[PDB]
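Just one chain is shown here, as C-alpha cells, and it is the form deposited in one PDB entry.
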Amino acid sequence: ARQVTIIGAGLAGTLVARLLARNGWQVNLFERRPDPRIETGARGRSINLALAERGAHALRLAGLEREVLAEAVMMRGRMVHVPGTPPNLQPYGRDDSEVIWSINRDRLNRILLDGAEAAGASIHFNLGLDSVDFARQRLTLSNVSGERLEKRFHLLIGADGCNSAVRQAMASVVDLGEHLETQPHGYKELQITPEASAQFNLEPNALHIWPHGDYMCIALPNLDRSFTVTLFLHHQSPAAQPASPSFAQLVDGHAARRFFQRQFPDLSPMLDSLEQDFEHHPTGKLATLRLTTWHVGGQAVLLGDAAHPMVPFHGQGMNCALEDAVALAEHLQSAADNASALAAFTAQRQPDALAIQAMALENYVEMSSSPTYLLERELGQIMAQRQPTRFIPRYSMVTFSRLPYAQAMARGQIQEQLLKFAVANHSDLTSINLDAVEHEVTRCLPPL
C-alpha cells in the first residue's frame, strides 16, 4: 500500500485523507490543534461558511454530502440591506436546486474527521509541523510546549492552510516564485442571537449584506436562527482619505458601537454583544498569494489555502479547496508515480486557482456598492431566458456548476463585454435589438 503523510486536518486535508484511505493508501494526518470532537468545557464561537456546488460535489463523491447538508441552512439568495428601503431578496438561482448552504465550520470538521477515520486514516492531533528535511525524508513536529517528534515520510501533502508550514519548508529547497498581494480590509466577527434575529424578522434562508462602499457587513445563518455577522473594514485609513473609517479608528467596543449606530443603523440593534465581540474577537487578515510552484518533485505538494490563499468575497476558498482534494486524490491514485501525479495535479489546478483568485477580488464591488448596470442586468436576464445553455451569469457558473474556474471567467468576460457593448449609447431596452445581441450570444458562447 502507498503511504502518505498529510499536514493539516482542515477541509482539504481531511477530504483527501478519506479519498486516499478508502483507496487503500496508508494515511497519517497531523494536525496542530486539539481534536474538536473531544468535548471540553471551553466556550466556542460559531463561524459559518457558504458551501456551494463545487464543495458539495466533492463531499458527494466522498459519501459525506447528506450528513453535511442535514446540518446546513439553505441560502436562497442575497438579502441587501440599505436604510430606507425594505430588505431586497435577490435569488441566487432559477429555483431551490440553485442555492448555497450555510454550514457551521466545527460541525463540518467533525463530519470530515469522522469520515477520514471511517475510511482508515490515522489522525494525530496537537502536533504542528515545524520543519522538513527533504533530502533525509524526515520531518519535525511539535506540540504547543515545543516537545519535538521526528517522523520519516514518503509523500507529504501540505493541507495546512494559508500560513502553511509545508509551503515555508518547500520555499527552502525550491524557489516557489511567491507573489503576496495584501488586501486592505480586516474582518471582525459579531453575533446575532436567535431572539434578536426573530425580533427584527431577519430572513434565515438568505445571505445578508449591508453594503457601505469601502466597508460592509454580511451575515450567515445558523440552524438555531443565530447569525454570524462579519464586518469587512480597512485596517488603516489611507493617506488620501485620513478621515475614512478603519479598525485603527475603533479604539474599543464603545467606538465600534457608535460606528455601527451611525453607519449600520438597522443592524446595530440586532448586535447585543457588539462591544464584547469587538474587543474579544481578533481582527482577521485577508490576502491573495500566488505561487509559481506547488510541488517538490514527487515528495511534497500543496493544496487548498496552503497553495492559493484568496480573498473571501466569492465564498469559494473552501469550495476550491475541496475541489482540489478530489483532483489531488484522483491524480495520486491513477498516476505512473507520485512525481507525475503532482506535476499533473499542479498543471491542472493552477490556471483555475488563478481564475478564482481574480474573480474573488472582483466580487467585492458586486457586494459592497447603479444606473447603466441595471440595464445590463435586464439584458442579461433576457439573454439567459432565450439561451439558458449559453448565457449563464458568472456567479451561477462559479457557484452552481463545476465548469473549470478559468472557463467560467473566460465565458463571464465574453458575457460582460457583450452586455457592456450592447447597452452603450442606449437609454433603455426598447432601443436595443434583442435578436442581434442573441446572435452574438450564439456566435461567441458555445452551449454547455
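One rule holds for the numbers: they count along the sequence shown, beginning at 1. Take the two forms, superpose them, and find the largest set of C-alpha atoms that agree within 1.5 Å; that set is the rigid core.
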| field | Residues with no coordinates between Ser369 and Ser370, taken from the deposited sequence as a class | value | 1 to 3
| request: Could you check which stretch, 37 to 45 or 59 to 67, carries the larger mean CA temperature factor in the entry? | output: 37 to 45
| query | On average, which has the higher Cα B-factor in the deposited entry, 418 to 426 or 27 to 35? | reply | 418 to 426
| note | Note to self: of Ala355, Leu291, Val173, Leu233, the C-alpha temperature factor tops out at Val173
| field | Which of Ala341, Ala300, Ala243, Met79 ranks first by CA B-factor in the deposited coordinates | value | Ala243
| Ranked C-alpha temperature factor of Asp224 among modelled chain residues, by third | middle
| request: Would you mind ranking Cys217 by its C-alpha B-factor against the rest of the chain and naming the third, lowest, middle or highest? | output: lowest
| said: Sorting by Cα B-factor within the chain, modelled residues only, which third would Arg22 end up in: lowest, middle or highest? | reply: middle
| remark: Entry-reported C-alpha B-factor of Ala52 relative to its chain, by third, is lowest
| By the record's CA B-factor, is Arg148 among the lowest, middle or highest third of residues in the chain? | highest
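Note that the form deposited in another entry isn't included here; everything after this is about it.
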| said: Which residue of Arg33, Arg60, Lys420, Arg37 is the mover here, meaning its C-alpha shifts by 2 Å or more between this form and the one not shown once both are aligned on the rigid core? | reply: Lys420
| With both forms fit on the core, is the shift of the CA atom of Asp352 between this form and the one not shown 2 Å or larger? | no
| request: Would you say whether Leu379 is displaced between this form and the one not shown, judging by a C-alpha shift of 2 Å or more on the superposed rigid core? | output: yes
| request: Once you account for a change of 3 Å or more, let me know if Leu375 and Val80 sit closer or farther in that other deposited form, using their C-alpha atoms. | output: farther
